[PDB]
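What follows draws every value from the coordinates through simple rules; no lab data is involved. With ideal geometry, Cβ positions are generated from the backbone for all residues, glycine too; neighbour counts draw on all protein chains shown.
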Amino acid sequence: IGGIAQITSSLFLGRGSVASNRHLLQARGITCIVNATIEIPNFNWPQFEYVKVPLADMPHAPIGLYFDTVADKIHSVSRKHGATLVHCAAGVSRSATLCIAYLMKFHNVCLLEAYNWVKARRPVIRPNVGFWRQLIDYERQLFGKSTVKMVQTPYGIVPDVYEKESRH
Amino acid sequence: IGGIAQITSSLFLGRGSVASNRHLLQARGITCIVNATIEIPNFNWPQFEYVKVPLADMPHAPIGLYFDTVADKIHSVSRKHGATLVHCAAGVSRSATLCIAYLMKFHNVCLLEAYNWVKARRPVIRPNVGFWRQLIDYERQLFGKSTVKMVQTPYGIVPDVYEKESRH
Amino acid sequence: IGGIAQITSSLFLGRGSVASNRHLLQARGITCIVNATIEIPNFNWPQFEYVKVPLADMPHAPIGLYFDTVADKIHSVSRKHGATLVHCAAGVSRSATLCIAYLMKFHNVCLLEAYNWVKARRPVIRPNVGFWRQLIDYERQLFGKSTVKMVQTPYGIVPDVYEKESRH
Amino acid sequence: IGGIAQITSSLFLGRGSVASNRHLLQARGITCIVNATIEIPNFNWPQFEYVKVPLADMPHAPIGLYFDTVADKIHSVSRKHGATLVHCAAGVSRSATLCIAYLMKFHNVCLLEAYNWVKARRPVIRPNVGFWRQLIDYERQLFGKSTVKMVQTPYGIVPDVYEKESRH
Amino acid sequence: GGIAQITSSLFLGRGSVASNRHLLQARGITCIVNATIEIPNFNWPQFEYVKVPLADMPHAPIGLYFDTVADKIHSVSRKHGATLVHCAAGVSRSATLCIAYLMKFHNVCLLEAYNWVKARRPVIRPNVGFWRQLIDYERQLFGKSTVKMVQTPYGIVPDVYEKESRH
Amino acid sequence: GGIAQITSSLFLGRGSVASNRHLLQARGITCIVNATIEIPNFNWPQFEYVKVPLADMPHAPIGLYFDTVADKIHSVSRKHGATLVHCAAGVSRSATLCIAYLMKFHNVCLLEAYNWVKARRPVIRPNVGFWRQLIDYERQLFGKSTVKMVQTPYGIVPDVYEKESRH
Amino acid sequence: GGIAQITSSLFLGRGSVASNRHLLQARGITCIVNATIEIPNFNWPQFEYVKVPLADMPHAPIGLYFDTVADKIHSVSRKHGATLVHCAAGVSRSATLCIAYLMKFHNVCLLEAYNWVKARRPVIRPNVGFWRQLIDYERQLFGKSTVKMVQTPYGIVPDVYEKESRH
Amino acid sequence: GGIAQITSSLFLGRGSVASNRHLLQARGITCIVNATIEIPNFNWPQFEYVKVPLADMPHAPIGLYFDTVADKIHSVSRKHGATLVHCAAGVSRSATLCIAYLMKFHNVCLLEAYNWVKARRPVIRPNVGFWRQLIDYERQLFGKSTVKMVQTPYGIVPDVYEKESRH
C-alpha cells in the first residue's frame, strides 16, 4: 500500500493519510500509533493506543528530545507483542528520523546502515538537515563515533549521503 | 470531546476544528472565542463574541504582545459570567501559550505551575521555543523571578521542562 | 460580507475565499483581481482581469518589489473606471501591505495614516514585521521621513504601532 | 489548460493539481512525472513513471542537489521518446527552478535566457532567492560565468532580474 | 585626562591611569576593578584588584558582573575607600558597570544613570549589546524601562543615541 | 605619509599624524575629529577635539555621526579653520565620514564622493557595513543611489569593489 | 605574575612570561605551546615551540587542538620535561587547552577540570564558544556532561558563570 | 624568523620583516604587498608597495584580491624582481594570497597549493572564510575542488584541518 512501509516486524513508517485506515493497520497487527506531527489530530480509534509527538518538520525542531522516548515505546510495544506505526504528514522526514534513531538504539546498527535500512523500504525518505545534525549527535552518544558527516556543498550543508546521491 | 479542554471554570483551550461547533461550545457556556491564528477565519456565529489574534505558530511571532490583552479579555468575560475558548489550529502552541500567560496573571501561579496546570488537562501542549522565551520574560515581569530556564541541549535550546521530559 | 473590505471607491482587500465568488465581486464593480499569493491559483473567471503576485507571507519575502507595480495597477484600473480586489489567503498581511503602499503613493497619506485607514475597515490586518521594514523604507522614499519606527520589545522588534496597541 | 505549460517538446511544468489528471497528461504524451514536493503524494497512475524530489519551497532547501539528476532524467525520457512533467504545488518556484537547470544543461542556454524561456511560457514563475543563488552557482559550473547576479535592494537581496522587473 | 569621578567613592577611567599610584592615592582609591581581558593588573600592594575579563563586544555577558561589581563598589564605599573601574578606552566596559552601580545603589533610572556618567565623562559610549543588558537590568530593578532599543537606518541602538544624532 | 587633503578645510588621516602639532598647524587645522574608540585625544590646547568612539566594524552605527560630523566640518570651514578627521589606519572610519561630508556639503553623489576621497588617499576602503550606511544616507540626501551592494563569490560588497577586482 | 602551575609538568601563562628564559628554566620547562596567532614564538634554542594559531573568538575551532596539545603535554611529561601553554591574557585560549588536558590525562570531569584551573589562576574565563567545545569534548571522553550552557538575560553561558554571578 | 620563500620570486612574511630593507634587498625583493589594514607601508623608495587593506576575518572579501595580487606577483616575476606578501602574523591573510597565486600561475590544485605553502611556513592557518573563498576560486580555475568544508564538533572547517586534528 502507498504511504506505509514495514521497517521491522513491529515497526511501520507512514504518511498521516494511512493512519486513519483502521483496516489497513489491523491487517498489519498495529496496536500503537505514534503521531509525529503537530498539525494532524489523532483520529482516536479505540483499537489503537496513540502517542502524539508534536513537532514541525523544521531543522530547528528539537526532534532529538524524542529519540529515546519514542524508541523505548516502539521497543515496549514490540516486547508486549504489538506493533507501532510512526507517521508524520509526508512519511519523508519526521517519522523516518524517529525510525532511524530506533534502529540505532535497539538494532545495534550505525547511522549509515539505519538510513540505508529505511531508505531500502521507503526510498522517498529525506530527513531535513537539522534532523541529520541531531541524528549524528545521537549516533555519537550511542557508539562514540559517527558514520555520516555534514559537508558543505554549493547548495548548502548536508549529510554526506545526500552529496553522494547527487553524483549518482 | 477531542480537541477541547477546560482550564478553569471560564476558560477552554482548543483546536480550530471545535471552534465552529456551536452546540459543543454552548454546552460549555462559551460566550467568547479568541481565535489565535492568522490562517483560520472566524466562523462568526451570532452566539459568540469573536476576538482575532492574527499570529503564526513561529518562534519570532511576537505573541507576548497579546499576553495582557487576551488575559484581560478572559478575565473581563469571566467577571461578566461568560466563558472563553482560546483556540489555534492544533491546540498545541499558540492557544496554550496565551492560556499559560492568563493563569500567571490572574491565578497567581508561576510559569512552571501554569504549564503543569494546562499540561494536566491537555497533555499534547508544546509551546514553541520562542513562545517559551516570551513566557519567561512575562513571568519575570509579573513575579521578579523565573521558574523555567532555557537550556542548551544537543538538539537545540529549549525550556528546561522539555529536557527533563526527554529523560522521562 | 466576511473576508472582504472596501478601502477606497476602486480598491477592496480580501481573503482568497471571496476571490472566487463571481457574484460578490460583480456586486462591487470589481474588474481586476490581484492575487498576492503563491499558493492560491487564480480561479480565472472571464469577467475579471487577473494579476498574480507570487509571494509567501514571510518577513524576508521582497513584497516591496511589487509596491509600485501593484499601486500603479490599482491606479490604472481606477482611472479606467474599474475596481481592484487585492487578496491574499487570510486578508491580514500580504494584501494589507500592498493596499497600504497604494494609499501612500496615490492618496498622499503617511504610513501611520495609511495603516489606520485600512485598520479602520479591516481590524484584523497585521502585516508581518519584515513587511513593516519594507513599508517604512517605501514611506521614506515617498516623503523623506517616517511616521512609524521599528522598536525592540521583550517579544521582538515590531513597528511602534504594535507596541502601542499592546498597552491598549 | 490552467496549471500546466509546455517548455520543450518533451518537458512540461505544472501545479500539483494537474498531476492527477491522467487524460490531460496522456493528451500531451507525458510518460514521466517528477514530483518536486515533499507534501504532495504521488497519485501513482500505472500509465506514468514517477520520480519524487522531496523538497520544500524554502531558500535553504538544497534543490541544486537534484539539478543533474532531474535534468538527466528529463533528457533520458526525451531520448526514449517520452515526455516529462515536472510539478510542484504552485508551479512557481520548485518546478521552474529544475526546468531552468535542465535548459542550461541540455539546451546550451545561459541562466538569463533559461529564465526568460520558462517565464515566456509560464509568467507566474518566481524561484525563491535561495534557489536563485543555487542556479547562479550551477550556471557558473556549466559556463564559467554568470548572466544573473544577486543584488541588494531596499526589500532584500534578489536576483537582478527581479529588481529590473520592479521598475517595469 | 583618562579619569572622571562618578561619585564620592567611584572613579571611571582608561587603562593608562590604572597603574599611576600617585594619581590613584590622591583620590583615596583602594580598589581597582579592571574590566578588561587584555590589560594585566599592575598589582601594587596598596590596592585590591578585581579583574572582570570581558572584551568590548555586544555579546560579552557584562551583565553577569552588574551585581558583583556594584556590590564591591558599595562595600568599598561603606569601608571609607574608593574604587576605580577602568577598561582600555574608558568608553564602554567601565562606563556600563558604573551605570549599573548608579541604578542599584543610587536609585536612579537608566536614562538618569547614563546622563550622569555621560556628564562626568562625555566620551562614554556603551556598545549596543551592553545597552540591551543594561535595559534588562533596569527592568529587573524597577519594573519598567526608560531607554528603548530602536531601529535606525544605521542599526538598532538605544533611543538616546538616535536622539543625540539629531542634535 | 598618513595625511591627505580632501577639501581646502578638510584633511583625512591615520592616528599617527593626529598628535603632530607642527604638521597640523602648517595646514591651518583647528579641529580634530577622532573617529576611534581606541586612540585617546592628545588634547593640545590649540585644537578643539570631537571624539566619535566607534570601532571599525560593519555594525558600528557610524551613520549616526554623518550629519553631526559633516556639520562640524562645515561650521569650522565657515569660521576659516580646517578639520582633520582621523581614525587608526586612515582607511575606513575617517574615509566614511569624509565621503558623507562631500555628499552633504559638496553636492556630489556617493560614487563621485568615493572616487574623490579614493583619488586623494588611494588606500581608503570603507568596510561593507559602512557602505550600506553610506548608501542609505545617499538615498536620504538625493532620492536615488549611485552605488549598489552586490553579491560576489567572496561576499556582498559595494559594486565599486567588484569593479576594482576585475581591473 | 602571569604564570600559574597546573600540574607538575604543566604551566599556564600570559604572553609576557613566554620569552623569559630564566623564569621558564627555573620551572624545568622544555616545551612552549603558543596558543596565539598574534604573538611570534621567541625561538630560544633550549625550548621546543608548538604554535596553535587561533584567535580568542567563540568560533575559533580550538577543539581541533584538544587531543594534539593534550598529547604533547603528556609526551613531554613522560620525558621528564614540562610544558608552558600561553596565550596573550592567560584567560581564555591557554586555559581551555589546559582544561582539555586535565580531562584527557587526569580523568576529571569538565566541572572539576575548570575548578582546578580556576583555583590555580583565578582570572581564567574561557569564551562561551570554547565552553561549547569543551562540553562536546567532555561528552566524547565520558559520555556525559557536568556543565550545561544556559540562557541568562545577558546571553547563553556555561552554568558555572551564571552561578558565579549570584555569589 | 618571520619570512619564508614560496617561489623564486615570492616570499611570505610577518609585518616585522617588511621594513627591514637589508633583509628584503638580500632576496631581490622589489615589490611589497601589505595585506593588512593596520600596518602602514614604510615606503622605502627602493620598493613598490601595494596595500590590500583587509582584516583577518572570515567575511573580509580577500578573494577580490586573488587575481590582482596573483597578477602583480607574476608581472614582478616576469620583470626579474621578487615580491614579499606580508600580513601581521604571516599566518592567514598573506598565506591565502600566496595559495591563490600558486593555483593561478603554478597550475596546482588547492590541496597542493596549501601543502606547498604549509611546507614552507608551517604556522600558516587561513581563517575558515578565506578557505571558503579559496575553494570557490579553485572551482573557477579548475572546475573541481580538492578541499571541502566539513562540520566537526568544533565548527565547519576545511577537511585538511579535520585531518590534521587526528594526526
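No other residue among C:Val118, C:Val161 is assigned to a helix (DSSP H, G or I), in contact (Cβ under 8 Å) with a residue 60 or more places away in the chain and out of contact with any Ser or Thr (no Cβ under 6 Å at 6 or more places or on another chain) apart from C:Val118. For segment C:99-120, the set of residues classified as surrounded by fewer than 17 Cβ atoms within 10 Å (Cβ to Cβ) and of a type in the set (D, E, K, R) consists of C:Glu113, C:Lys119, listed by residue number. Does F:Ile39 qualify as being within 13 Å of another protein chain (Cβ to nearest Cβ), among the β-branched types (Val, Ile, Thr) and more than 22 Å from E:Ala88 (Cβ to Cβ)? Spelling it out, it is not the case that F:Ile39 is within 13 Å of another protein chain (Cβ to nearest Cβ), among the β-branched types (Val, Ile, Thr) and more than 22 Å from E:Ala88 (Cβ to Cβ).
If the condition is being closer than 17 Å to H:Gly81 by Cβ and either within 10 Å of chain F (Cβ to nearest Cβ) or touching a residue at least 12 places away in the same chain (Cβ under 8 Å) (or both), then segment H:44-54 contributes H:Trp44, H:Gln46, H:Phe47, H:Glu48, H:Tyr49, H:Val50. For segment G:136-165, residues that are over 14 Å from the mean Cα position of the chain (by Cα) and away from chain E (no Cβ under 14 Å) total 12. Of all the numbered requirements in (1) within 13 Å of chain G (Cβ to nearest Cβ); (2) under 21 Å from E:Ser75 (Cα atoms); (3) not β-branched (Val, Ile, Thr), E:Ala4 misses one, and that requirement is (1). Considering segment G:63-95, and only residues there that are in contact (Cβ under 8 Å) with a residue 60 or more places away in the chain and among the hydroxyl-bearing types (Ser, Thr, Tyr), the residue that is nearest to the other protein chains (Cβ to nearest Cβ) turns out to be G:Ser94. On the given criteria, is A:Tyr138 within 11 Å of another protein chain (Cβ to nearest Cβ) and aromatic (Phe, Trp, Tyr)? Criteria met by A:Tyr138.
None of A:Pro41, A:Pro59 is within 23 Å of B:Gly16 (Cα to Cα) and within 14 Å of chain B (Cβ to nearest Cβ) except A:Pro41.
Residue pairs whose Cβ atoms lie under 9 Å apart, separated by 6 or more positions or on different chains, with the first residue in segment C:67-92 and away from every other protein chain (no Cβ under 14 Å) and the second surrounded by 24 or more Cβ atoms within 10 Å (Cβ to Cβ) and among the charged types (D, E, K, R), are C:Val86/C:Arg94. Do we find a residue being of a type in the set (A, V, I, L, M) and within 25 Å of H:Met149 (Cβ to Cβ) anywhere in segment A:112-120? Yes, there is a match, as at least one residue in segment A:112-120 is of a type in the set (A, V, I, L, M) and within 25 Å of H:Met149 (Cβ to Cβ).
With respect to H:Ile37, is the statement that it is touching a residue at least 12 places away in the same chain (Cβ under 8 Å), under 14 Å from the mean Cα position of the chain (by Cα) and within 27 Å of G:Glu38 (Cβ to Cβ) true?
no
Scanning segment C:142-152 for residues that are more than 7 Å from every other protein chain (Cβ to nearest Cβ) and either crowded, with 18+ Cβ neighbours inside 10 Å or touching a residue at least 12 places away in the same chain (Cβ under 8 Å) (or both) yields a total of 5.
Rundown of residues vs (1) farther than 26 Å from G:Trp131 by Cα; (2) of a type in the set (D, E, K, R); (3) in contact with a helix residue (DSSP H, G or I) (Cβ under 6 Å, 6 or more places away or on another chain), yes/no style:
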site	(1), (2), (3)
G:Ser16	no, no, no
G:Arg21	yes, yes, no
G:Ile29	yes, no, no
G:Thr36	no, no, no
G:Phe42	yes, no, no
G:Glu48	yes, yes, no
G:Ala70	no, no, yes
G:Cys98	no, no, yes
G:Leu102	no, no, yes
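Of the residues in segment H:109-130, at least one is within 8 Å of another protein chain (Cβ to nearest Cβ), basic (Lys, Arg) and within 30 Å of A:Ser146 (Cα to Cα). Answer yes or no as to whether F:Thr96 is within 21 Å of H:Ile37 (Cα to Cα) and of a type in the set (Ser, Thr, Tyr). So F:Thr96 passes the test.
Residues in segment A:121-145 that are part of a helix (DSSP H, G or I), touching a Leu at 6+ places or on another chain (Cβ under 7 Å) and of a type in the set (D, E, K, R): A:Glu139 only. If the condition is being within 12 Å of the chain's Cα centre (by Cα) and of a type in the set (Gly, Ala, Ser), then segment H:89-135 contributes H:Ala89, H:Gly90, H:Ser92, H:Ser94, H:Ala95, H:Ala100, H:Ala113.
Of the residues making up segment G:10-41, those that are assigned to a helix (DSSP H, G or I) and touching a strand residue (DSSP E or B) at 6+ places or on another chain (Cβ under 8 Å) are G:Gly15, G:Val17, G:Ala18, G:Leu23, G:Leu24.
Going through (1) within 14 Å of chain D (Cβ to nearest Cβ); (2) under 22 Å from C:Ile30 (Cα atoms); (3) in contact (Cβ under 8 Å) with a residue 60 or more places away in the chain one by one, C:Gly64 falls short only on (2). Taken over segment C:96-138, residues that are within 21 Å of C:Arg79 (Cα to Cα) and of a type in the set (S, T, N, Q) amount to 1.
Residue by residue, here is whether (1) basic (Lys, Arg); (2) in contact with a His (Cβ under 8 Å, 6 or more places away or on another chain); (3) over 25 Å from A:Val161 (Cβ atoms) holds:
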residue: D:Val51; (1), (2), (3): no, no, no
residue: D:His60; (1), (2), (3): no, no, no
residue: D:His81; (1), (2), (3): no, no, yes
residue: D:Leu85; (1), (2), (3): no, no, yes
residue: D:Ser95; (1), (2), (3): no, yes, no
residue: D:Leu98; (1), (2), (3): no, no, no
residue: D:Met104; (1), (2), (3): no, no, yes
residue: D:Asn116; (1), (2), (3): no, no, yes
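Annotation note: of D:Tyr155, D:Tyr115, D:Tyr102, the sole residue that is within 14 Å of chain C (Cβ to nearest Cβ) and among the hydroxyl-bearing types (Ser, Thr, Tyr) is D:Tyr155.
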